Each structure stands twice: as structure tokens, then as C-alpha cells.
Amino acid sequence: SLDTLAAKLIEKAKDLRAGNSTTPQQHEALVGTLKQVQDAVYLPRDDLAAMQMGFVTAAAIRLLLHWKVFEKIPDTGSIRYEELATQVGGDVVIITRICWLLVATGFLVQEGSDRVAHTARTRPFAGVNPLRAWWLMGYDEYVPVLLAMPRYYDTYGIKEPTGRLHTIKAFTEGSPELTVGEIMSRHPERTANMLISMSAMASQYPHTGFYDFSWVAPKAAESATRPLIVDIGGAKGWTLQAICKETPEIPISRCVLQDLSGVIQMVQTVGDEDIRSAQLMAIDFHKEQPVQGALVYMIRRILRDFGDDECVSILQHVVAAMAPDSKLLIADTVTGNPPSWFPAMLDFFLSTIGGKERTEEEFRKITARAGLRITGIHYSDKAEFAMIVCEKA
């Protein structure tokens, strides 16, 4: 309410006067209450004007990024607009007008009428760091695809986008007949930033803590030879390392990391001593599962990138390798009906490449097509991210 929002501000202001910085918990509670109060107070004209302001504050940030303006405003203190314009090589009037938008929305501050300064909200834009790369990748790569969606569905019909061909992304790029991978292969720099981005995306999901792997240990004692955990598309093997650190009774040397050859060779050359103790295999999980009869096959944050038919193809190759008692674990969001905001947004972004976040019933459909039955679903603390446990039907 208005009063409880006031109470959280009074508390913040008092605690700062006491040299006690804000808790992350305290911060999320304050911004959540603000949003609640805004949703209660704002009328539709306020909602829509706030949305339009969001477009122009992002466009202003993008333009000042392009002009290298945030780098020229010093981390502390200020710079005169005239001096900023000289260093940029442009007209002080237009540079000032763009800065004034960000002054009016609290991103920058003016010291007098003559000078401009960073705030905490703009310092991440003044140099190299993951937030600035994440920001630029969302803006440059996704906003035009979002704007192209009405035209996309005009062309293809109001139908769920499911293939690796004719994606919204590739359509936006002008090459719907190519895969996003064929398109990105012609764009070195953008391929570099797409690799930065989705490695940062996997940083946000827990590797362990919500699923008990210890049932592997008695199987590992009964059999000295059976492969234990096969990580299909496991990137640099960090999930396997975390699992085996968590349960030392699972020898990483009896686990298998599968990925693309370029990923495996850099694991062979730079990864830790434990991940190099594992069996490392270049594979194409669209075509093959080479390890036969392992206790566990794990597919983590992969199926979300693909439509139902491509997922069933991936799963059927694994099922063919499974022994009757093997488990296939899918680590992904089991999105709710209706979904919470973060998975709902991620699902919208996945629609541009042919993927989606699946409900429990949708996961049951594709696992059954592949000859599997879901026997448990174990949820993490994060946004319905879960371990789906499957056995042969």
C-alpha cells in the first residue's frame, strides 16, 4: 500500500544514515511494493505513457552508447556539455537534448545548467562488462525481431513457430530459408556476442541443491564398469563437476561430457583436472547418442531451444541408448499454467528461434512420444526450474 511503501522508504533512509547498506532481500521487497503501488495508482493513460517513455529512454541510451558519450562522462564529478560535444565531435545542442531525456528520468544528473554526471544507473554503460553486453544484445538483436512479429505471423499464419527453419529471427534477418546458425556464421562479431550472452544465461540457473543424485552411489558400487552420468550438451562440464563435488561417492571419471568438438577441445586444454578426468566426446545430439546403458542421461536447458518434433527426435536417440533401468533427467523450466513473468518472457524470446518453455502436460506429451514416462518432477527455488526424471515406458 502507499503506507507500507512509505515504511520501506523510511526504513531504507534510516538504515543508510546508520551506515548499513541495503539487503538484496530488502531491495526486492521495496521494488516489489513500488510496483504494486504503481499498478494500483496508474490509470491506463499512465501505463501507456510509461511504456512509451521506456522506448525513448532505451533509444537515448543506445544512441549515447553509439556516440561513446557514457565513456566520456567521468565516473565521479562532471563534464561540461560543451566539452562533451567537442570530444564526441558533434553539436552541443542535440547532445544536450538527448542527455536531458536521461536527466528527466533519473539516469543522469546535471550539476548546474552546464554540466552532466553519471548516476549508479548509467555507470555500467561507460565501459566493458557483462551488463552492457547483455543490454546491447537484447536491444540490437531482439527489439527488431519483436517489431517484426505482426509481419511474421501475417506471412506464416497465427501458428506456433516450431522449426529451425523460417524462424522469426531469420525472417527478420531476411533469410527465413536459413537456420539462425547459418545466418550467425556470416556474422563473426554478433556470433561472438551471442556466445557471451547465453553463457551468462546459464550462470543464472542452479546446478545442484534441488535434486538428490546420491542414489547413483550404490549403483556405482555394485558395478565398476557401467557409465554413470552422461551430460548431453554439457558445455564446459560445470554441472558434472558440481554434481560430483556435491556427492563425492560419484566418480567424475565414470561420467561423460558430450558437446561440440570446439567445446570439448577447449575443455581438453583449459578445464579443471576433474572435468578432464571425465570422458569427453564430441557428438551431435540431433543425430546420435553413443554411450550405451549409462545410469543417467542428463539434458539441461536444451529442449527449451527446440520445437516438439525436434525434441522428440533428440529424446528418441537417447532412449535407444538407454538400458531398461537408465534414467533420463531433463533440467528445464516446467512452466506454470499460467506462467510467472520471467519464464513467460523467456518463452516469448524463445518463440523467435522456434523454442518454448513447456508446461508439465507439454513435457508429458513429448516424453511419451519418445517412449518415456515422467516419474518425478523436483523443483528448484528459481522460477519453476526443475529436474524432470524419466524412465523407459
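Each residue number is its position in the shown sequence, starting from 1.
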item: Between 44-52 and 28-36 (mean CA B-factor, as deposited), the higher; value: 28-36
item: Segment of higher mean CA temperature factor, 360-368 or 64-72; value: 64-72
item: Out of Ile94, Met137, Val319, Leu178, highest CA B-factor residue; value: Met137
item: Candidate set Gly307, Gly293, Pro150, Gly77 [ranked by C-alpha B-factor, highest]; value: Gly77
item: B-factor third for the C-alpha atom of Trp215 within its chain; value: middle
item: Modelled-residue ranking by C-alpha temperature factor, third containing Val256; value: middle
item: Chain thirds of CA B-factor: placement of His207; value: highest
item: Among modelled residues of the same chain, the CA temperature factor third for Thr119; value: middle
item: Assigned third (lowest, middle, highest) for the C-alpha B factor of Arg164; value: middle
